């Protein structure tokens, strides 16, 4: 079961920029994990996201460590892995990834795509789920696959509406 709060982007076409990259995995793997995480939400709602190299983007992603000037510092390896801000200007919608963690793209601890998809749901306005199988559950889990559970479909669609088009 979810628990939704309030703020939500009053525009269906957002833009995002990936400020920097983890030296842990190739640039293309980072770009693609982020892209694929956005693609999940886009599959069930009328939202659209566009990667931007520069200019004003709505969602700014960055890998940071410890105190990164936003009043909520990271803790090093383990524990807090990342965090995103709910819809709004400035840091609203932004997502920071704890650089102290090793970011992977497989079963090895801390699959970037699995954490990014979770965080980005926050940037859209999603609260957490109680359902241990949903994507918005409060702690990291990797079934080997990352697809929205009913809880996630329901929570996000309640805010933005459902898609018209099928999926794949």
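Positions refer to the first chain, counted from 1.
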query: Selected stretch [higher average CA B-factor]: 98 to 106 or 64 to 72; finding: 64 to 72
query: Higher-scoring stretch by recorded Cα B factor average, 157 to 165 or 2 to 10; finding: 2 to 10
query: Residue of maximum C-alpha B factor among 138, 125, 26, 55, per deposited coordinates; finding: 55
query: Highest recorded Cα temperature factor - choice among 129, 39, 111, 50; finding: 50
query: Relative C-alpha B-factor of residue 22, binned into the chain's lowest, middle or highest third; finding: middle
query: Third of the chain, ranked by Cα B-factor, where residue 92 sits; finding: middle
